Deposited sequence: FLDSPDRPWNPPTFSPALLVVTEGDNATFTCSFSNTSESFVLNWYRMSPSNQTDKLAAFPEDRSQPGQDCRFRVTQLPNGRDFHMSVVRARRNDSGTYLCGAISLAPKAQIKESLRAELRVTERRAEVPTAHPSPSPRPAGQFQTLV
């Protein structure tokens, strides 16, 4: 049975080293058996998991009251946090399945 993937926004986020950067992951769940993961793409071109909801400390996920949206925040961004990020919804039942968001970019700049 088809279901839509989460969306992940904005497409590009630019911040200076030391600031925070927040993406928004949006998921229209059709039931309550799911979990949301936040990933980054490794040099290897492999998803590295950063955090999940429900629940290193620099990567935080927060579920908003609207029952759709999640804030995914890099606290105290560093230059080497620059790269490609995505979120993934995992259906837990009736069939365990992951659907990935589109990928977005973080650029973390040198403080002048």
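Unmodelled regions of the deposited chain sequence (numbering from residue 1, in sequence order): 1 to 6, 62 to 68, 126 to 147.
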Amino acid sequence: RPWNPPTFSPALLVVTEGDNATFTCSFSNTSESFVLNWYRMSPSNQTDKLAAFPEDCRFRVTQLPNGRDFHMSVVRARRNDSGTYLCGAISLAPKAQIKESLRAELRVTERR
From here on, numbers count along this sequence of modelled residues.
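Across the other entries compared, at least a third leave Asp56 without coordinates even though the residues on each side are present. In this entry, the higher average B-factor at the C-alpha atoms falls on 43 to 51, of the pair 43 to 51 and 77 to 85. Relative to its counterpart among 31 to 39 and 56 to 64, 56 to 64 has the higher mean temperature factor, C-alpha atoms as listed in the PDB entry.
Annotation for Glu17: C-alpha temperature factor in the highest third relative to the rest of the modelled chain, per the entry. Sort the modelled residues of the chain by CA B factor and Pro2 lands in the highest third.
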